[PDB]
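A short worksheet on the structure shown next.
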Amino acid sequence: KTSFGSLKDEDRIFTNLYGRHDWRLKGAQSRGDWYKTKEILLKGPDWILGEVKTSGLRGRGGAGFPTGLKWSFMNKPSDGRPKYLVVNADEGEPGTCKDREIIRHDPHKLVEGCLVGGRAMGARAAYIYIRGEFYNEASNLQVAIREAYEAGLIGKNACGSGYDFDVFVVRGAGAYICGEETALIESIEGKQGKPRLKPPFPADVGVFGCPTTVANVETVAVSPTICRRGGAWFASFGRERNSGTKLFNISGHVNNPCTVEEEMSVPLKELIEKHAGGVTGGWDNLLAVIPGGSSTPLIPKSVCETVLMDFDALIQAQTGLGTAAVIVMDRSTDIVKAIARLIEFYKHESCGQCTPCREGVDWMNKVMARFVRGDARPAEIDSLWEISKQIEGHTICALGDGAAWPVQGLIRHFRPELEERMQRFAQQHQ
Amino acid sequence: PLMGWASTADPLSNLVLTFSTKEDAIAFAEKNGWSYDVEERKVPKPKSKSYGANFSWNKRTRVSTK
Amino acid sequence: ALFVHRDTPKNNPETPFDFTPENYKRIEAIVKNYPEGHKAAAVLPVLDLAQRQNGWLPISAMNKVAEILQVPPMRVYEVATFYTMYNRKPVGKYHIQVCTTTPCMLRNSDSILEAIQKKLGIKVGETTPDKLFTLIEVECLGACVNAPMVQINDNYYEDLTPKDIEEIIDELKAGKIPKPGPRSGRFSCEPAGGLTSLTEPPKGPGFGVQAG
Amino acid sequence: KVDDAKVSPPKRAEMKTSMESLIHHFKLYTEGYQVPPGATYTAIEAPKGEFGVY
Amino acid sequence: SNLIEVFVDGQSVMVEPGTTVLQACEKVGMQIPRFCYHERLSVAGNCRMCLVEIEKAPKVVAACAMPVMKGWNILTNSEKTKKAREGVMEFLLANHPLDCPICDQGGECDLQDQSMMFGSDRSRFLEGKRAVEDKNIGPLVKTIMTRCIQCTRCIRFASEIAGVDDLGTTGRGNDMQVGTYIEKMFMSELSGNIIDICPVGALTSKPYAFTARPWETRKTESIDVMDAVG
Amino acid sequence: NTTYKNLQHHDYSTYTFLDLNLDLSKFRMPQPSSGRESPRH
Amino acid sequence: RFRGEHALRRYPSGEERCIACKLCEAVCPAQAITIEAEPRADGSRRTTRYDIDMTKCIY
């Protein structure tokens, strides 16, 4: 077992972070793509599922559902209805640039992985959904699809064997909800993006009524590397439930805010300072730390100086780990103002299926406005606590839950600044 | 003709007798003498609907809006 | 933001609106991708073609898309009023989206907001008394790892400062367009310290694998 | 009054700005609150005597 | 032979396969309160009222669109079922205007009856209360769209019985205007049957509009004319 | 390697997404139909 | 707070304060209120007939 883990070189799952040697299928072959994949494909998809569960891939995008269980649900016997694979590539949790880097510098390993996922579960066509903010990177993806087609190696009868597999690209139109699990599916359907109800699973009824699934881009990227490499070489980096490498990125308040691959666990102070410049004003300047992005409660200073960066560790810290915005914020900003702007974002992007997220984000936006102006009573801040207990899990999707959790973290940790703000408003009016 | 009201020569016009079974209703009506018209009870018919059937593939039951 | 039409001609069908037969071949490629039986799924790519052809879509464009895809128009009106990329108000050549939510605002987007405001003159959310400067601030776009960001027509700008504001706006006045990528060096999303990424040329298919 | 607004009507301030209290005002004065089935008796001391109500 | 065992608070009953929790609960007499479900239409889930704590599950789930596995037990009178009903009923009455005098569904509301029998009493949400201005749908149907609780029942009725497809959702978040976008006076057959569909006072009769409130008028059996079906 | 291997993204024009979708339309298995050609036929 | 004359009020330099919302006839324990309502040519809902029986009024 490692002593909390760090980056050892060439154990990077994917190289070519930015602007490296070329941008081509030839460069993909030099970096390790299209190498001996047919012998992996023609062995049987049960062996690929065994390889993935040997690696023990924790599902990405900040959900927690592991890939092995999902794609083992995808082993339904094939009926007259086909099977579909949908590669989701939106970037919610503002602070992200998770797969922007991947789809900007290496679409070829994504092509490898969607071919692997299409073979590994009986899928037949793969729709890749890019965010509508990404026209130029989408056209880079189109150039890469043209190169992979012009090689004559995907499309129809891939790898020389009689196995056709087509991949399409659907743009976004700008949303947070199109990134989610099932509003994606109906946004492809031409109806407006709205999630379905969960106990009919996407692996039973999906895109118009076919057993489909949805994969994150990090899962698609890691998937052919586990096929072409050894079993549990990926699993030797970190703990037993969560295992492998992850993009820990500071998009936020450090000197040189940037992106690094690391292993599953890391000491947080080494992560923040010994890789990405330094904290703006030193280690003792920041007020707090948010991991995850925006669907995660905060972590204060006395907790962030000690807590390691694991999924089980953040379960023990009552939060949820996501991607790429594992950032600090300074005392010089008001965290009430920052979380209130995040609640304004939540109001600006949410569909109107469920009554409780709709009206709860309405109350929380107006009440956080009355907290920034400070025109309330302490019964109001405990009422905000009560409604954040009411909303959570009583919806379809997790946007209501991810609007409940930052209010929870702010109430659990930063009571005294709220009390002093309200006392200063009392001194102002009186 | 002085206020615009609805007078009536009907003392029995505002009777109602809420009962629990049709048998005791008919028994009381035949016991107290006057005639009676029996209309039969109609429950709502049980149906067969599902959200997955509202998301059909090649069946025409399709929500078309959401 | 006034989600009812209320004609106001320069709208008010029929506004004369028609495409190019080359774009009709794009339309046939688009409804040839999707399977037969569910033609109504290509509404958003056809309406994207309408926006890329004519910079903002009128109501006659929506009647045209409804008659092309042989659907009732109400689904087209739903998809037009639902998403973000489709601006039913008329806009200019260039379109400014100043993205500022969680890393972007917390990394001091307000300097960029002040710079855009006192350089361009028109207030936030509104339009300009010419073309090419329809300014709106927007929520998250995804490209978060840098300074708060600016999207212009299918291009990005990160790592900003008010002198870069002056430069980019004066060069869009001149017509010469800078790069979509980052600024201040660091030619991609980079760890901008001492290159803490991989350095060796990667082996790939050569070394130890199993069952392959 | 009691702090059980489904029996006693609320007062004017919450009545003119609530929602639950306006609904309770409205339906409480139209229908009357429902009373569970059963037969009770009580009796207090009227200055005559046993004022009983059944 | 095609039976499913459920316990309704201990009382066992048998369920046909494929059906809902709600049809079996209405089979044993328990009317779970509903706002979006209606038996002449398809099943939306957007009103969220039918939540019920089904055992061995930390999350409380809807009952109008739940497939029925074998061997349930359905706790309707639990604690957090009542707490979820209190929460949802408190959410509905926030952006709903004080129009119960000038409404036309005083005796026949649904918010009023179900907020007496299931909701809270002391309100909250001091300020706010946005309002959506009405439209002009048709001179036969008077329409106020501030009272619309956006329940998506008239939309499903249009697209699944009327086939006209003129009513739609516009917007996101709080701002969802429900109607026709293009100032078109919606005139079609069975457009008089939308005032009985709309569960709240948002789509009322225009010629009836302000003559009575339905506790005075007595209800009487009769047979239709002018159509050979009755 | 500390050199920006991209700028392959830099030349992207505002038509290129539909251009790539246009050119990569071959080897398209028939996107399986279901009864009628449309929800309203 | 004496209960006498059964008078009506009106708005400040405004129209009739009543809406004809029938609450008083719904509560009137001798049913002396008689309300028949119609809207006028303007659009706001109003009355036609608002009668108090002084015989039945128990006050």
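Going in written order, the chains are labelled A, B, C, D, E, F and G, and every chain counts its residues from 1.
Assume contacts are C-beta pairs under 8 Å (C-beta built on N, C-alpha and C of every residue); 3 or more make two chains touch, one makes a residue touch a chain.
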Distance in touch steps, counted as few as possible, from subunit D out to subunit F: 3
Pair of chains ranked first by number of touching C-beta pairs: A-C
Distance from the mean Cα position of subunit G to that of subunit F, given in whole angstrom: 70
Centre-of-Cα separation between subunit F and subunit C, whole angstrom: 17
Distance between the centres, which are taken as Cα means, of subunit C and subunit B, whole angstrom: 58
Rounded Å distance between subunit A and subunit E, as computed from the means of their C-alpha atoms: 36
Touching two or more other chains - residue numbers and ranges from subunit A: 15, 18-19, 21, 81, 104-105, 135-136, 168, 171, 191-192, 197, 200, 208-209, 348-349, 353
Contacts with two or more other chains, residues of subunit F listed in rising order: 1, 3-7, 9, 12-14, 21, 28, 31-36, 39-40
Of all residues in subunit B, the ones touching two or more other chains: 51, 57-58, 63-66
Subunit E contact footprint on subunit C (complex, rising order): 3-7, 59, 72, 74-75, 77-78, 81-82
Footprint of subunit C on subunit A - complex, ascending: 7, 9-10, 12, 15, 17-19, 21, 29-33, 35-37, 39-40, 43, 47, 51, 90-92, 94-97, 100-101, 104-105, 131-136, 168, 170-176, 187-193, 208, 227-231, 249-253, 256-261, 275-277, 293-294, 324-325, 327, 329, 333, 338, 341-342, 345, 348-349
Footprint of subunit E on subunit B - complex, ascending: 39, 44, 46-51, 54, 61, 63-66
Subunit G residues within the subunit D interface of the complex: 23, 26-27
Residues of subunit G defined as touching subunit E within the complex: 19-23, 25-26, 36-39, 45-46
